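Each remark here refers to the structure printed beneath this line.
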There are 2 protein chains.
Amino acid sequence: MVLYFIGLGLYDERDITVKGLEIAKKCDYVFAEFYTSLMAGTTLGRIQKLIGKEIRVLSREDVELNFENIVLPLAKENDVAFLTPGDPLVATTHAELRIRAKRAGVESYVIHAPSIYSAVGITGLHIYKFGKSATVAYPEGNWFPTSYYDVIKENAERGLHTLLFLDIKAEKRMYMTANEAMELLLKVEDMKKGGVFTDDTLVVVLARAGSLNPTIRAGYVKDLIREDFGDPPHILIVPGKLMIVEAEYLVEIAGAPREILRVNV
Amino acid sequence: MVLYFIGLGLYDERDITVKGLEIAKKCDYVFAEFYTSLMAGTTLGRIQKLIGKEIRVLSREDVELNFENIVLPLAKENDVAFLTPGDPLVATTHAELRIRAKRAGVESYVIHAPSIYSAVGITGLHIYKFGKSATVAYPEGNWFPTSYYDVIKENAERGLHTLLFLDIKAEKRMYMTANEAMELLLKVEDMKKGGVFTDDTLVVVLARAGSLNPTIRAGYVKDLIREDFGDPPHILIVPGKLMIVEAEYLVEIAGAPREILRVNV
Ligand SMILES: Nc1ncnc2c1ncn2[C@@H]1O[C@H](CSCC[C@H](N)C(=O)O)[C@@H](O)[C@H]1O
Ligand SMILES: [Pt+2]
């Protein structure tokens, strides 16, 4: 009669919370999805070893369309767990699954876990200064998305930082890199000429948040566009006007140019 | 040799990640501060038991003035852990402590944990639609803080949601309730008369996130200002323009008035 939405955390199998692991252990059935994001710091096997249960993976369609024919039925007579990377209900569509539960007579509880939304705090930028978020999507065919460009403009216009998730083809295991993201934005700046993203724009790159050795780099596009940030996942951030304390962090912890202390404050 | 910043989580001692626990367990000295947030589902005793180490708790002064005198010295000879509620670098000024660590020749590592900043997802509001954040501070003496009010206005103008952290006076054991935040906002509305916060405004209240049964309620200020949401911590949210699915979630899961279902696009 109970369904648990349990977050798996940021990077590896140790990133799940104690509460999430003990509840998952007492569940009769354990499902998981890996299309909204991947756990690049681990594998399905390791997660199964840690949980001690057989984990049935669900595709985007299993979740979006048939969640009620796959997960809810069993949750009607047993205790089920639905594992997701990061924090549950950050994925725009997951919240609705709680409504599907209710109409099926199934109760549901949420067990939180670290999300990249809070972890960006490791970049030293204040959390209250992050504005609207966006996702940089790969262009394809005759389609060239650019709304993420306008999000940056509106945020920075108000002195706000912009958090940009990079594109991901989970099934294919293809991660967009900060580098490609920077290439797209430059390609967009060229077409919209709004003066939002150029070689002189200051940006921050966070890679493998959750790991003990994340890559935190800050600098101007012209310098980082071809820098190696390591393995995925990559998160890109275009900060607004910096607070002096913010800039000092980037310089001392993220290897930012001393220049940002007078140019971006 | 090293300093670890380990987040404790939202509600109780189980909200710590597994990675966080296994690391804390192997540390020589464990410190912690419980003034930046409130973990209402546990005690220091339960945390000490889980970690199997004694925990010396620090005050805001110990930390803000003597972190490098109390904690750092030990980090040069041992593995030291500094524990905090939620995520260590979210809505705190601890990020700067990593610079003090650097200037003392101490490598530091961050272990994240569930944060109220990402747990807002349980309210059904799309987390990418949250704009600038703010804190509703306690007026004291003749000083009456009001800046969080302009933050709401600016967000609402863009259709973005506003996350409001509520003030906390740990040493006086004071934890601002959503009710108190609403009272203060109304008073600020009288002064500025900008039409940003009134009896007819729709608000959302999340109390004790992280617990299995948090209180999630959405409705008009005139109806909620006097409602009892349970023990703190409280967070107050002022939604921007609602998308249909956000509205349905608020109606289905947060007991919101069924009229918010009809959206004005
Ligand atoms: N579990 C919880 N439920 C409701 N609100 C909470 C909460 N935890 C913290 N808060 C809100 O957040 C404020 C503290 S700000 C610091 C919180 C911590 N850095 C984190 O990442 O969550 C509290 O005063 C309250 O306004
Ligand atoms: Pt600041």
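For this deposited structure, the header notes the method as X-ray crystallography, 2.4 Å.
Any Cβ shown, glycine's included, is placed from N, Cα and C.
Swiss-Prot names B:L10, B:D87, B:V90, B:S115, B:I116, B:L166, B:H234 for binding S-adenosyl-L-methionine. Of B:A40, B:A209, the residue it gives for the same site is B:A209. Neighbour counts were taken at the CB atom with a 10 A radius for the binding-site residues B:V90, B:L166, B:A209; the maximum falls on B:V90. Contact annotation for chain A: of the listed binding-site residues (B:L10, B:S115, B:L166), B:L10, B:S115 place their CB atoms under 8 A from a CB atom of that chain. Sequence-distant neighbours of B:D87 (S-adenosyl-L-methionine binding site) (same chain, 6+ apart, CB under 8 A from its CB) are B:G7, B:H112, B:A113, B:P114, B:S115, B:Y117. All protein chains considered, the CB of B:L10 (S-adenosyl-L-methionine binding site) has 29 other CB atoms within 10 Å.
Under the three-state DSSP scheme, B:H234 (S-adenosyl-L-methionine binding site) falls in the strand class.
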